[PDB]
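K.L.:
Just dropping this structure here.
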Number of protein chains: 2
Amino acid sequence: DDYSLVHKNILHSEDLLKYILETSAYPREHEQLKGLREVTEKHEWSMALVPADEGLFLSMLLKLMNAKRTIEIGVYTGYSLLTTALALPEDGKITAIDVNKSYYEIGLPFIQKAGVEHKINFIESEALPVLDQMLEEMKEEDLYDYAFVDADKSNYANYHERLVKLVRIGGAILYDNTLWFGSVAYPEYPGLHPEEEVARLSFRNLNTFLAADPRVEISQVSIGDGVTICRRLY
Amino acid sequence: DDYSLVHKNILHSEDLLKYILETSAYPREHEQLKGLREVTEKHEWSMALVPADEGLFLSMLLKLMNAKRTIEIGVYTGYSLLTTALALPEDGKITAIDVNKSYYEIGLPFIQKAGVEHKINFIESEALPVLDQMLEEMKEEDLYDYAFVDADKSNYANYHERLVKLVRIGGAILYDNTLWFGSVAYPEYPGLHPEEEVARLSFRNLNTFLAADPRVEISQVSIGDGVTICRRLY
Ligand SMILES: Nc1ncnc2c1ncn2[C@@H]1O[C@H](CSCC[C@H](N)C(=O)O)[C@@H](O)[C@H]1O
Ligand SMILES: Nc1ncnc2c1ncn2[C@@H]1O[C@H](CSCC[C@H](N)C(=O)O)[C@@H](O)[C@H]1O
Ligand SMILES: [Mg+2]
Ligand SMILES: [Mg+2]
């Protein structure tokens with residue numbers, strides 16, 4: 001095989017991870033999220049799926065902050081998207097962006113059976129051109145409450161420069177995979193696929209920059225593969 | 001302090017923990033939190049201290065849900081309490097409960113230097129009598145937004161029955177240490193102090209109970225020693 005992090009976890013044992021999933025995540029997972037997850041595990045890019053325990057953490061965060069208008073960048077088969085759509089109120093609206101709609105069509109039957117497709121506006125495109133177009137037309141009355149960032153890893157810093165202007169003051173920007181299977185912990189790290197090493201270097205730089213960015217407050221959370229919550233200050 | 005699990009981590013390496021703390025927590029840690037942490041690191045019961053990365057997570061939750069009135073059960077030297085106090089607005093209010101005010105007075109100078117002691121009503125007593133008294137005098141206008149539970153482990157379930165009546169609908173109840181150094185992951189775990197084993201068993205039952213409790217939605221988060229976020233439904 002070609003990728004060198006796919007079998008790693010940030011937790012010390014797989015048994016602890018399975019405990020969390022079986023005890024607290026799966027019993028609270030919507031039946032369509034379960035169906036979407038199980039077909040995605042068979043897909044060749046299963047490594048990139050947002051896990052069930054992180055998903056319930058995203059749902060909890062969305063409800064506690066009373067989010068209504070959100071943006072999802074990096075959809076894949078739609079697990080975190082369906083998680084968002086189920087957590088928002090019935091009049092919630094999501095802008096969902098991904099370069100590859102074929103992945104989205106794997107999840108769309110489960111989103112449709114859940115009855116939340118009406119909340120979703122899917123845009124098949126590279127993320128940055130869509131974001132830049134939003135900056136041209138965005139009214140302050142239409143800023144987003146919440147952004148989940150999970151698309152091209154090397155492009156997170158570029159995403160951030162747009163998203164600090166597209167989410168409201170007090171809104172949240174979440175960066176997925178910021179611990180990169182634990183490989184960010186070292187300046188040098190051996191044997192990775194070039195794409196994996198670029199992403200690793202990008203995340204070490206992002207984590208540093210985000211801790212120094214006065215436009216936001218942060219909390220890096222050791223759930224899933226690392227999630228960094230940012231809250232816009234001004 | 002002849003406990004066995006004290007130095008065990010749930011992350012796969014001390015280096016990964018140190019990276020998080022050094023890159024993302026310590027740069028964002030208030031000067032008075034640093035000083036309070038450093039004294040408590042030297043205290044006999046350092047094991048029970050809420051870590052700095054978890055503290056920023058608690059703070060982020062409080063700010064995202066716009067908490068105004070909270071309850072803190074289990075203060076110790078006051079790290080999570082100072083975190084809560086700095087997160088709330090100028091007119092925020094906290095009821096803090098601990099059996100041991102001696103601990104509280106270790107951190108009280110840092111709390112005062114932070115300019116936030118006016119938010120805190122410390123009560124030296126066992127939690128359950130206070131919560132029961134609060135129940136007999138509580139008005140629906142005065143329900144809490146947020147509750148952090150971090151006191152005697154074997155009594156969490158008892159606290160839960162009171163707190164689901166004392167926080168507002170949509171309010172948050174957070175249980176600390178719900179993975180208990182990871183030892184909750186197995187039916188049996190050898191080499192533990194008898195009080196450690198009682199806490200471990202108490203958490204396994206509590207984790208099962210909270211996942212089946214229809215009065216709340218939950219999310220268990222592999223941060224620190226595990227934190228379970230509950231949100232009151234009805
Ligand atoms: N430049 C880009 N712009 C938009 N999407 C991109 C992109 N580069 C990669 N992607 C998409 O980003 C996704 C990352 S996997 C995302 C996982 C998803 N959030 C979940 O819940 O499981 C892939 O589907 C990929 O197609
Ligand atoms: N029955 C009880 N009622 C109230 N507090 C109790 C209690 N039993 C133990 N405690 C207190 O619970 C605390 C647990 S340590 C708490 C750590 C603290 N939240 C932090 O930020 O680091 C101890 O201070 C202990 O004194
Ligand atoms: Mg991801
Ligand atoms: Mg604790």
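By order in the structure tokens, chains are A, B, ...; within a chain, residues start at 1; ligands start at 1, following the order shown.
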Please find the residues contacting ligand 4 at a distance of at most 12 Å between atoms, with only C-alpha atoms and all ligand atoms counted, and report them as JSON, numbers by chain.
P.N.:
{"B": [45, 46, 47, 48, 49, 50, 51, 54, 55, 72, 73, 74, 75, 76, 77, 78, 79, 80, 148, 149, 150, 151, 152, 153, 156, 174, 175, 176, 177, 178, 179, 180, 181, 199, 223, 224, 225, 226, 227, 228]}
K.L.:
Please produce a file of the residues just selected, as a compact mmCIF listing (two decimals), in the first residue's frame, where the atoms kept are N, CA, C and O atoms.
P.N.:
# COMPACT_ATOMS: atom_id res chain seq x y z
N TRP B 45 -1.59 16.28 45.82
CA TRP B 45 -2.67 15.75 44.98
C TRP B 45 -2.65 16.34 43.57
O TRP B 45 -3.70 16.62 43.00
N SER B 46 -1.46 16.52 43.00
CA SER B 46 -1.34 17.04 41.64
C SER B 46 -2.10 16.18 40.63
O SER B 46 -2.53 16.69 39.59
N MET B 47 -2.28 14.89 40.92
CA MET B 47 -2.90 13.96 39.98
C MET B 47 -4.28 14.42 39.53
O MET B 47 -4.67 14.19 38.37
N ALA B 48 -5.03 15.08 40.40
CA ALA B 48 -6.41 15.46 40.13
C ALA B 48 -6.54 16.76 39.36
O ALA B 48 -7.67 17.16 39.04
N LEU B 49 -5.43 17.42 39.03
CA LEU B 49 -5.50 18.74 38.40
C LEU B 49 -5.99 18.62 36.96
O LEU B 49 -5.54 17.76 36.20
N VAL B 50 -6.93 19.49 36.59
CA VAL B 50 -7.40 19.53 35.19
C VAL B 50 -6.26 20.03 34.31
O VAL B 50 -5.65 21.07 34.62
N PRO B 51 -5.91 19.33 33.23
CA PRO B 51 -4.79 19.75 32.40
C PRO B 51 -5.11 20.99 31.58
O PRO B 51 -6.28 21.34 31.34
N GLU B 54 -7.27 20.59 28.38
CA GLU B 54 -8.69 20.46 28.70
C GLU B 54 -9.29 21.79 29.13
O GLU B 54 -10.44 22.10 28.79
N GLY B 55 -8.52 22.60 29.86
CA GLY B 55 -9.05 23.86 30.36
C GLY B 55 -9.45 24.80 29.24
O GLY B 55 -10.49 25.46 29.31
N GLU B 72 -19.77 24.75 39.69
CA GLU B 72 -18.51 24.02 39.64
C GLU B 72 -18.44 23.13 40.88
O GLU B 72 -18.39 23.64 42.01
N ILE B 73 -18.44 21.82 40.68
CA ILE B 73 -18.43 20.85 41.77
C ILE B 73 -17.08 20.16 41.78
O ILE B 73 -16.76 19.40 40.86
N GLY B 74 -16.29 20.41 42.82
CA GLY B 74 -14.94 19.89 42.90
C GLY B 74 -13.93 20.92 42.42
O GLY B 74 -13.57 20.95 41.24
N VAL B 75 -13.48 21.77 43.33
CA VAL B 75 -12.66 22.92 42.96
C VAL B 75 -11.18 22.61 43.05
O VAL B 75 -10.41 22.95 42.14
N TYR B 76 -10.76 21.97 44.14
CA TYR B 76 -9.34 21.71 44.42
C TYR B 76 -8.66 23.07 44.50
O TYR B 76 -9.17 23.97 45.18
N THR B 77 -7.53 23.29 43.83
CA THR B 77 -6.85 24.58 43.89
C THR B 77 -7.44 25.61 42.94
O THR B 77 -7.01 26.77 42.97
N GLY B 78 -8.40 25.23 42.10
CA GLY B 78 -9.21 26.18 41.35
C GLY B 78 -8.85 26.39 39.89
O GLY B 78 -9.17 27.45 39.34
N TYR B 79 -8.19 25.42 39.24
CA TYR B 79 -7.77 25.64 37.86
C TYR B 79 -8.98 25.74 36.92
O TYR B 79 -9.11 26.70 36.16
N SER B 80 -9.87 24.74 36.96
CA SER B 80 -11.06 24.81 36.11
C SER B 80 -11.96 25.97 36.53
O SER B 80 -12.61 26.59 35.69
N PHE B 148 -19.94 21.84 35.72
CA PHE B 148 -18.74 21.00 35.63
C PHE B 148 -18.63 20.13 36.87
O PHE B 148 -18.47 20.65 37.98
N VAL B 149 -18.68 18.80 36.68
CA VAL B 149 -18.68 17.83 37.78
C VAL B 149 -17.31 17.16 37.84
O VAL B 149 -16.89 16.48 36.89
N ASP B 150 -16.63 17.33 38.98
CA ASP B 150 -15.26 16.87 39.11
C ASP B 150 -14.91 16.56 40.56
O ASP B 150 -13.78 16.82 41.00
N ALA B 151 -15.85 16.02 41.32
CA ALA B 151 -15.72 15.89 42.76
C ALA B 151 -15.57 14.39 43.10
O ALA B 151 -14.80 13.72 42.42
N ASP B 152 -16.24 13.85 44.12
CA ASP B 152 -16.03 12.44 44.46
C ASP B 152 -16.55 11.53 43.33
O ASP B 152 -17.75 11.54 43.04
N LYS B 153 -15.68 10.68 42.76
CA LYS B 153 -16.07 9.94 41.55
C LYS B 153 -17.27 9.01 41.79
O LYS B 153 -18.19 8.96 40.96
N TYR B 156 -20.91 10.48 41.12
CA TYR B 156 -21.31 11.18 39.90
C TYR B 156 -22.78 10.92 39.57
O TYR B 156 -23.52 11.84 39.24
N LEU B 174 -21.09 18.63 32.37
CA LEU B 174 -19.85 18.00 31.94
C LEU B 174 -19.30 17.14 33.08
O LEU B 174 -19.15 17.62 34.21
N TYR B 175 -19.01 15.88 32.79
CA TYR B 175 -18.42 14.97 33.76
C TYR B 175 -16.96 14.73 33.40
O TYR B 175 -16.64 14.36 32.26
N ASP B 176 -16.07 14.97 34.37
CA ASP B 176 -14.63 14.87 34.19
C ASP B 176 -14.14 13.47 34.53
O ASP B 176 -14.74 12.77 35.35
N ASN B 177 -13.03 13.07 33.88
CA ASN B 177 -12.32 11.81 34.14
C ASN B 177 -13.12 10.56 33.77
O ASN B 177 -12.89 9.48 34.33
N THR B 178 -14.03 10.66 32.79
CA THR B 178 -14.92 9.53 32.49
C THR B 178 -14.23 8.38 31.77
O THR B 178 -14.88 7.35 31.53
N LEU B 179 -12.95 8.50 31.42
CA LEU B 179 -12.20 7.35 30.92
C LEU B 179 -11.23 6.79 31.95
O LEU B 179 -10.66 5.72 31.71
N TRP B 180 -11.05 7.48 33.08
CA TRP B 180 -10.28 7.00 34.24
C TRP B 180 -8.96 6.34 33.82
O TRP B 180 -8.74 5.14 34.00
N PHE B 181 -8.08 7.16 33.24
CA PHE B 181 -6.75 6.76 32.78
C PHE B 181 -6.81 5.68 31.71
O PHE B 181 -5.80 5.04 31.41
N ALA B 199 -13.80 3.75 41.72
CA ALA B 199 -14.02 4.82 40.75
C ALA B 199 -14.12 4.26 39.34
O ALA B 199 -14.97 4.68 38.55
N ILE B 223 -10.33 13.91 25.63
CA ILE B 223 -9.42 14.96 26.04
C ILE B 223 -9.13 14.77 27.52
O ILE B 223 -9.99 14.29 28.28
N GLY B 224 -7.92 15.13 27.93
CA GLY B 224 -7.50 14.98 29.31
C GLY B 224 -7.55 13.53 29.77
O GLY B 224 -6.78 12.70 29.30
N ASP B 225 -8.46 13.24 30.70
CA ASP B 225 -8.77 11.89 31.13
C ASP B 225 -10.15 11.44 30.65
O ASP B 225 -10.74 10.52 31.23
N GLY B 226 -10.67 12.08 29.61
CA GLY B 226 -12.04 11.87 29.19
C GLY B 226 -12.99 12.88 29.80
O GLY B 226 -13.02 13.05 31.02
N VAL B 227 -13.78 13.55 28.96
CA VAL B 227 -14.84 14.45 29.40
C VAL B 227 -16.13 14.09 28.66
O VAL B 227 -16.14 14.02 27.43
N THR B 228 -17.20 13.89 29.41
CA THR B 228 -18.50 13.60 28.83
C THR B 228 -19.38 14.83 28.94
O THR B 228 -19.71 15.27 30.05
K.L.:
For chain A, report every residue with an atom at most 9 Å from chain B (counting only C-alpha atoms), formatted as a PDB file with N, CA and C atoms, in the first residue's frame.
P.N.:
ATOM      1  N   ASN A   9      -3.290   5.654  15.307  1.00  0.00           N
ATOM      2  CA  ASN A   9      -4.288   6.325  16.126  1.00  0.00           C
ATOM      3  C   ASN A   9      -3.591   7.190  17.163  1.00  0.00           C
ATOM      4  N   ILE A  10      -4.233   8.302  17.529  1.00  0.00           N
ATOM      5  CA  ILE A  10      -3.641   9.158  18.552  1.00  0.00           C
ATOM      6  C   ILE A  10      -3.864   8.619  19.967  1.00  0.00           C
ATOM      7  N   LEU A  11      -4.809   7.703  20.163  1.00  0.00           N
ATOM      8  CA  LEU A  11      -5.022   7.094  21.468  1.00  0.00           C
ATOM      9  C   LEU A  11      -4.074   5.913  21.668  1.00  0.00           C
ATOM     10  N   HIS A  12      -3.819   5.580  22.936  1.00  0.00           N
ATOM     11  CA  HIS A  12      -2.749   4.630  23.210  1.00  0.00           C
ATOM     12  C   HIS A  12      -3.131   3.201  22.838  1.00  0.00           C
ATOM     13  N   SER A  13      -4.414   2.858  22.872  1.00  0.00           N
ATOM     14  CA  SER A  13      -4.825   1.518  22.479  1.00  0.00           C
ATOM     15  C   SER A  13      -6.113   1.579  21.671  1.00  0.00           C
ATOM     16  N   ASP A  15      -8.309  -0.609  21.954  1.00  0.00           N
ATOM     17  CA  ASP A  15      -9.372  -1.049  22.854  1.00  0.00           C
ATOM     18  C   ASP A  15     -10.066   0.136  23.512  1.00  0.00           C
ATOM     19  N   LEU A  16      -9.306   1.170  23.873  1.00  0.00           N
ATOM     20  CA  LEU A  16      -9.925   2.369  24.436  1.00  0.00           C
ATOM     21  C   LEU A  16     -10.799   3.068  23.404  1.00  0.00           C
ATOM     22  N   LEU A  17     -10.322   3.158  22.160  1.00  0.00           N
ATOM     23  CA  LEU A  17     -11.123   3.760  21.099  1.00  0.00           C
ATOM     24  C   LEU A  17     -12.416   2.984  20.887  1.00  0.00           C
ATOM     25  N   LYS A  18     -12.322   1.651  20.822  1.00  0.00           N
ATOM     26  CA  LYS A  18     -13.517   0.834  20.622  1.00  0.00           C
ATOM     27  C   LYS A  18     -14.480   0.964  21.796  1.00  0.00           C
ATOM     28  N   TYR A  19     -13.951   1.031  23.019  1.00  0.00           N
ATOM     29  CA  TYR A  19     -14.804   1.268  24.180  1.00  0.00           C
ATOM     30  C   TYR A  19     -15.638   2.527  23.994  1.00  0.00           C
ATOM     31  N   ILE A  20     -14.988   3.629  23.612  1.00  0.00           N
ATOM     32  CA  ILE A  20     -15.690   4.900  23.453  1.00  0.00           C
ATOM     33  C   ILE A  20     -16.789   4.772  22.407  1.00  0.00           C
ATOM     34  N   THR A  23     -19.633   2.186  23.633  1.00  0.00           N
ATOM     35  CA  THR A  23     -20.362   2.584  24.833  1.00  0.00           C
ATOM     36  C   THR A  23     -21.162   3.862  24.615  1.00  0.00           C
ATOM     37  N   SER A  24     -20.577   4.853  23.930  1.00  0.00           N
ATOM     38  CA  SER A  24     -21.119   6.204  23.928  1.00  0.00           C
ATOM     39  C   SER A  24     -21.453   6.764  22.553  1.00  0.00           C
ATOM     40  N   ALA A  25     -20.815   6.286  21.487  1.00  0.00           N
ATOM     41  CA  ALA A  25     -21.022   6.835  20.148  1.00  0.00           C
ATOM     42  C   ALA A  25     -22.094   6.086  19.360  1.00  0.00           C
ATOM     43  N   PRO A  27     -24.495   3.892  20.222  1.00  0.00           N
ATOM     44  CA  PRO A  27     -25.880   3.965  20.733  1.00  0.00           C
ATOM     45  C   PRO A  27     -26.572   5.294  20.469  1.00  0.00           C
ATOM     46  N   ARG A  28     -25.825   6.366  20.203  1.00  0.00           N
ATOM     47  CA  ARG A  28     -26.405   7.686  19.975  1.00  0.00           C
ATOM     48  C   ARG A  28     -26.357   8.103  18.508  1.00  0.00           C
ATOM     49  N   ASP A  53     -17.319   9.056  17.148  1.00  0.00           N
ATOM     50  CA  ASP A  53     -17.209   9.818  18.391  1.00  0.00           C
ATOM     51  C   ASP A  53     -16.949  11.296  18.110  1.00  0.00           C
ATOM     52  N   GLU A  54     -16.084  11.603  17.138  1.00  0.00           N
ATOM     53  CA  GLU A  54     -15.902  12.999  16.745  1.00  0.00           C
ATOM     54  C   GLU A  54     -17.200  13.588  16.209  1.00  0.00           C
ATOM     55  N   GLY A  55     -17.959  12.796  15.447  1.00  0.00           N
ATOM     56  CA  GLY A  55     -19.206  13.295  14.885  1.00  0.00           C
ATOM     57  C   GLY A  55     -20.192  13.741  15.948  1.00  0.00           C
ATOM     58  N   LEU A  56     -20.347  12.947  17.005  1.00  0.00           N
ATOM     59  CA  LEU A  56     -21.252  13.359  18.070  1.00  0.00           C
ATOM     60  C   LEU A  56     -20.723  14.582  18.795  1.00  0.00           C
ATOM     61  N   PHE A  57     -19.405  14.779  18.782  1.00  0.00           N
ATOM     62  CA  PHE A  57     -18.837  16.002  19.338  1.00  0.00           C
ATOM     63  C   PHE A  57     -19.181  17.219  18.475  1.00  0.00           C
ATOM     64  N   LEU A  58     -19.159  17.060  17.150  1.00  0.00           N
ATOM     65  CA  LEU A  58     -19.580  18.147  16.266  1.00  0.00           C
ATOM     66  C   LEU A  58     -21.058  18.476  16.459  1.00  0.00           C
ATOM     67  N   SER A  59     -21.901  17.443  16.546  1.00  0.00           N
ATOM     68  CA  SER A  59     -23.328  17.658  16.771  1.00  0.00           C
ATOM     69  C   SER A  59     -23.568  18.403  18.080  1.00  0.00           C
ATOM     70  N   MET A  60     -22.902  17.966  19.156  1.00  0.00           N
ATOM     71  CA  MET A  60     -23.055  18.620  20.453  1.00  0.00           C
ATOM     72  C   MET A  60     -22.639  20.085  20.388  1.00  0.00           C
ATOM     73  N   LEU A  61     -21.518  20.370  19.718  1.00  0.00           N
ATOM     74  CA  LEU A  61     -21.043  21.745  19.609  1.00  0.00           C
ATOM     75  C   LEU A  61     -22.043  22.608  18.852  1.00  0.00           C
ATOM     76  N   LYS A  63     -25.281  22.249  18.582  1.00  0.00           N
ATOM     77  CA  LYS A  63     -26.500  22.499  19.341  1.00  0.00           C
ATOM     78  C   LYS A  63     -26.250  23.461  20.495  1.00  0.00           C
ATOM     79  N   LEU A  64     -25.108  23.329  21.176  1.00  0.00           N
ATOM     80  CA  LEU A  64     -24.823  24.228  22.294  1.00  0.00           C
ATOM     81  C   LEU A  64     -24.640  25.675  21.841  1.00  0.00           C
ATOM     82  N   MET A  65     -24.122  25.899  20.637  1.00  0.00           N
ATOM     83  CA  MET A  65     -23.959  27.265  20.154  1.00  0.00           C
ATOM     84  C   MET A  65     -25.159  27.750  19.353  1.00  0.00           C
ATOM     85  N   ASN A  66     -26.194  26.919  19.213  1.00  0.00           N
ATOM     86  CA  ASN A  66     -27.427  27.276  18.513  1.00  0.00           C
ATOM     87  C   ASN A  66     -27.142  27.702  17.070  1.00  0.00           C
ATOM     88  N   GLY A 170     -17.757  35.631  17.140  1.00  0.00           N
ATOM     89  CA  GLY A 170     -18.304  34.628  18.029  1.00  0.00           C
ATOM     90  C   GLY A 170     -18.619  33.299  17.371  1.00  0.00           C
ATOM     91  N   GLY A 171     -18.538  33.208  16.045  1.00  0.00           N
ATOM     92  CA  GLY A 171     -18.719  31.942  15.365  1.00  0.00           C
ATOM     93  C   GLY A 171     -17.488  31.059  15.479  1.00  0.00           C
ATOM     94  N   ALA A 172     -17.625  29.825  14.995  1.00  0.00           N
ATOM     95  CA  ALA A 172     -16.623  28.789  15.186  1.00  0.00           C
ATOM     96  C   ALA A 172     -16.059  28.334  13.848  1.00  0.00           C
ATOM     97  N   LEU A 179      -3.753  16.817  14.302  1.00  0.00           N
ATOM     98  CA  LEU A 179      -2.657  16.065  14.904  1.00  0.00           C
ATOM     99  C   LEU A 179      -2.046  15.035  13.954  1.00  0.00           C
ATOM    100  N   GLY A 182      -0.597  11.829  14.910  1.00  0.00           N
ATOM    101  CA  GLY A 182       0.484  12.054  15.844  1.00  0.00           C
ATOM    102  C   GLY A 182       1.798  12.484  15.228  1.00  0.00           C
ATOM    103  N   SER A 183       1.881  12.594  13.899  1.00  0.00           N
ATOM    104  CA  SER A 183       3.168  12.863  13.268  1.00  0.00           C
ATOM    105  C   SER A 183       3.599  14.319  13.383  1.00  0.00           C
ATOM    106  N   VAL A 184       2.697  15.227  13.773  1.00  0.00           N
ATOM    107  CA  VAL A 184       3.078  16.626  13.966  1.00  0.00           C
ATOM    108  C   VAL A 184       3.967  16.825  15.181  1.00  0.00           C
ATOM    109  N   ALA A 185       4.062  15.820  16.052  1.00  0.00           N
ATOM    110  CA  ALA A 185       4.802  15.976  17.297  1.00  0.00           C
ATOM    111  C   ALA A 185       6.309  16.089  17.094  1.00  0.00           C
ATOM    112  N   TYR A 186       6.818  15.824  15.888  1.00  0.00           N
ATOM    113  CA  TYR A 186       8.250  15.835  15.649  1.00  0.00           C
ATOM    114  C   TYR A 186       8.585  16.746  14.475  1.00  0.00           C
ATOM    115  N   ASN A 207      -0.789  24.811  13.160  1.00  0.00           N
ATOM    116  CA  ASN A 207      -0.958  24.777  14.610  1.00  0.00           C
ATOM    117  C   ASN A 207      -0.193  25.915  15.277  1.00  0.00           C
ATOM    118  N   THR A 208       1.029  26.174  14.813  1.00  0.00           N
ATOM    119  CA  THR A 208       1.819  27.297  15.315  1.00  0.00           C
ATOM    120  C   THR A 208       1.136  28.634  15.034  1.00  0.00           C
ATOM    121  N   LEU A 210      -1.988  29.323  14.268  1.00  0.00           N
ATOM    122  CA  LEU A 210      -3.286  29.471  14.916  1.00  0.00           C
ATOM    123  C   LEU A 210      -3.132  29.846  16.384  1.00  0.00           C
ATOM    124  N   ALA A 211      -2.123  29.289  17.065  1.00  0.00           N
ATOM    125  CA  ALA A 211      -1.898  29.658  18.460  1.00  0.00           C
ATOM    126  C   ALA A 211      -1.455  31.109  18.610  1.00  0.00           C
ATOM    127  N   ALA A 212      -0.947  31.717  17.544  1.00  0.00           N
ATOM    128  CA  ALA A 212      -0.453  33.082  17.592  1.00  0.00           C
ATOM    129  C   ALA A 212      -1.421  34.084  16.980  1.00  0.00           C
ATOM    130  N   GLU A 217      -9.672  32.906  19.345  1.00  0.00           N
ATOM    131  CA  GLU A 217      -9.282  32.032  20.439  1.00  0.00           C
ATOM    132  C   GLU A 217      -9.364  30.593  19.947  1.00  0.00           C
ATOM    133  N   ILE A 218      -8.551  29.713  20.538  1.00  0.00           N
ATOM    134  CA  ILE A 218      -8.454  28.342  20.061  1.00  0.00           C
ATOM    135  C   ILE A 218      -8.558  27.331  21.195  1.00  0.00           C
ATOM    136  N   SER A 219      -8.844  26.098  20.790  1.00  0.00           N
ATOM    137  CA  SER A 219      -8.747  24.922  21.647  1.00  0.00           C
ATOM    138  C   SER A 219      -8.471  23.740  20.729  1.00  0.00           C
ATOM    139  N   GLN A 220      -7.270  23.169  20.816  1.00  0.00           N
ATOM    140  CA  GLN A 220      -6.944  21.955  20.079  1.00  0.00           C
ATOM    141  C   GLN A 220      -7.375  20.757  20.921  1.00  0.00           C
ATOM    142  N   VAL A 221      -8.225  19.907  20.348  1.00  0.00           N
ATOM    143  CA  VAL A 221      -8.889  18.820  21.064  1.00  0.00           C
ATOM    144  C   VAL A 221      -8.388  17.500  20.495  1.00  0.00           C
ATOM    145  N   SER A 222      -7.936  16.598  21.374  1.00  0.00           N
ATOM    146  CA  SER A 222      -7.398  15.306  20.951  1.00  0.00           C
ATOM    147  C   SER A 222      -8.508  14.281  20.725  1.00  0.00           C
ATOM    148  N   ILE A 223      -9.488  14.632  19.899  1.00  0.00           N
ATOM    149  CA  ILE A 223     -10.529  13.703  19.484  1.00  0.00           C
ATOM    150  C   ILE A 223     -10.310  13.374  18.013  1.00  0.00           C
ATOM    151  N   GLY A 224     -10.673  12.143  17.631  1.00  0.00           N
ATOM    152  CA  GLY A 224     -10.500  11.676  16.265  1.00  0.00           C
ATOM    153  C   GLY A 224      -9.044  11.630  15.850  1.00  0.00           C
ATOM    154  N   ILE A 229     -10.680  23.905  17.425  1.00  0.00           N
ATOM    155  CA  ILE A 229     -11.789  24.853  17.435  1.00  0.00           C
ATOM    156  C   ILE A 229     -11.220  26.259  17.528  1.00  0.00           C
ATOM    157  N   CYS A 230     -11.662  27.138  16.633  1.00  0.00           N
ATOM    158  CA  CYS A 230     -11.349  28.558  16.688  1.00  0.00           C
ATOM    159  C   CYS A 230     -12.651  29.320  16.864  1.00  0.00           C
ATOM    160  N   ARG A 231     -12.609  30.381  17.659  1.00  0.00           N
ATOM    161  CA  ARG A 231     -13.748  31.266  17.846  1.00  0.00           C
ATOM    162  C   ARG A 231     -13.312  32.677  17.474  1.00  0.00           C
TER     163      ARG A 231
END
K.L.:
Per DSSP on the backbone, what are the strand (DSSP E) residues of range 19-167 of chain B, as a list in words?
P.N.:
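Answer for range 19-167 of chain B restricted to strand (DSSP E) is residues 69, 70, 71, 72, 73, 93, 94, 95, 96, 97, 98, 120, 121, 122, 123, 124, 144, 145, 146, 147, 148, 149 and 167 of chain B.
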K.L.:
For ligand 1, which of A:6, A:52, A:120, A:94 is the closest residue, counting only C-alpha atoms and all ligand atoms?
P.N.:
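Nearest candidate to ligand 1 out of A:6, A:52, A:120, A:94: A:52.
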K.L.:
Tell me, as a ChimeraX atom specification, which residues lie within 7 Å of range 29-36 of chain A, counting only C-alpha atoms; anything in the same chain fewer than 6 positions away does not count.
P.N.:
/A:79,82,107,110,114
K.L.:
Let's see if you can do this: from backbone DSSP, list all helix (DSSP H, G or I) residues in range 198-228 of chain A, as number ranges by chain.
P.N.:
A: 198-212
K.L.:
Interatomic distance between CA of residue 91 in chain B and CA of residue 215 in chain A?
P.N.:
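Atom-to-atom, CA of residue 91 in chain B and CA of residue 215 in chain A are spaced 24.0 Å apart.
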